[PDB]
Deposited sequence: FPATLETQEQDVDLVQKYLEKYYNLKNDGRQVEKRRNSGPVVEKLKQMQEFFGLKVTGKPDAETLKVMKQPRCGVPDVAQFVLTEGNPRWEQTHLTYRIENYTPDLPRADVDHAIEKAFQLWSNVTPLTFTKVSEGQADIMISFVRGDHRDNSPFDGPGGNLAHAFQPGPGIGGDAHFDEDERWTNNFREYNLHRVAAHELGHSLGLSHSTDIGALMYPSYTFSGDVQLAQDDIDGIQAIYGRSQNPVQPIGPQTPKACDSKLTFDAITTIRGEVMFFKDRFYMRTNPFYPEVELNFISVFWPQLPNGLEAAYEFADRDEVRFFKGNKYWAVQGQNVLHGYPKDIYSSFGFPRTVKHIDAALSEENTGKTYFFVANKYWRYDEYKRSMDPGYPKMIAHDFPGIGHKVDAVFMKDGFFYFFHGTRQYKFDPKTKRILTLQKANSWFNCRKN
């Protein structure tokens, strides 16, 4: 149905359907069954690149491009900047250079087109297929087509032209789709903060064109792996009955439809949150989650961020200015007491009085023996405190002040 079309378009489906569906589920990290479960269908409905997921190089490293026409969605200058900046991402990590040409036939011709546009791959109206591009070669080789039926933006709203152009131009240069959800070359549209090459993208492009001569040696964000025993966390919170773990740009949480873990961008839920969260907790009575970075914090109700945030922590919680960031936090459901961990110390805040309890830079070591003097992340579940510090997870009883178990940080995951 949807399944048959998707597999035909993207998995070269000419039961052969069952095998193609398994291949699709493998690609997207779904449970490989060959059957169309609700998550599989969710993925199939995601806006994405029109290039298939299943099956060279420009000879020269100096390439030209031409923007044949411009979407009325944005000023021409924003279109030029979005495309220029996309070429720049790839040229930053290779010897490739790109020159914009204003007439004639370039290596890479860029256009905005609707439906049928004369190359055997028609677009499909708003959503679905957002764009496609052709592998290196003569004629239409290199060319990138954007579906004009999309609403193109220059910000976080769907769909950011710069983000999609960086992906399309990857194809133009010889790349194919990645299974890494952190990569620009992932098939489905994603957006998180500033568009950048993941390490997977850098590795893939350099394996075709080589490294740049820049003494830096540009690096990109690596995508966390749930079953990597070296996995550590930025922050963790309970949220409406489940536990969400945060690392860099991503959240992880258990999910029956994914064998190890559901891993996706934080921006799927909360685009306005900054990159690199430091702590998070739920205030259950207000149906609210709060995220901390530096001296600022953001409040959130389900998938929506509240107004007026960020707010600073000094005015809101009454920390002294000496506190420059918080390391971890949890709010205990039946008390309204929030514990904020800051290096080797902790504070207790009363949410209903909206002030710190008396007596409160206390030492973590005095009241939480055995977990060490620093906390990466913490949450509460069934009255226990689950402290994370590096690769180590402590299940700590606040009643007896004892460490029950000590496991890997990734132990909640089906590994």
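What the model leaves out of the deposited chain are the segments 1-12, 27-38, 80-87, 448-450.
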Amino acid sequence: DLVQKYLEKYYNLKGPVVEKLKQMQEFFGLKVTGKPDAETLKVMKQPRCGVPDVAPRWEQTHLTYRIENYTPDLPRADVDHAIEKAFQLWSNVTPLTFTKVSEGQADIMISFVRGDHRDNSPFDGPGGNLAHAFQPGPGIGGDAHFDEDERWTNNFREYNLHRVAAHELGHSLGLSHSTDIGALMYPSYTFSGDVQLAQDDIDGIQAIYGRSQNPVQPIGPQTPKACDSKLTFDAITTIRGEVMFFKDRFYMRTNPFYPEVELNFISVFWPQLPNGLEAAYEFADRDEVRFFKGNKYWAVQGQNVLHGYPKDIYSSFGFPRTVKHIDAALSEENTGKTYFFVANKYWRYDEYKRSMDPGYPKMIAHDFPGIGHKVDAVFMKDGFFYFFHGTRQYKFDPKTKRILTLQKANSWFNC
From here on, numbers count along this sequence of modelled residues.
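Mean CA temperature factor is higher for 307-315 when stretches 307-315 and 120-128 are set side by side in the entry.
Stretch comparison (331-339 versus 75-83) by mean CA B-factor in the PDB entry places 331-339 on top. In the deposited coordinates, the residue among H162, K230, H177, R114 with the greatest CA B-factor is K230. Ranking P187, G142, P224, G204 by Cα temperature factor from the entry places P224 first.
Sort the modelled residues of the chain by CA B factor and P36 lands in the highest third. Annotation for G29: CA B-factor lies in the lowest third of the chain's modelled residues.
When all modelled residues of the chain are sorted by CA temperature factor, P358 is found within the middle third. When the modelled residues of the chain are ordered by their C-alpha B factor, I219 lands in the highest third.
When the CA B factors of the chain's modelled residues are split into thirds, the value for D382 lands in the highest one.
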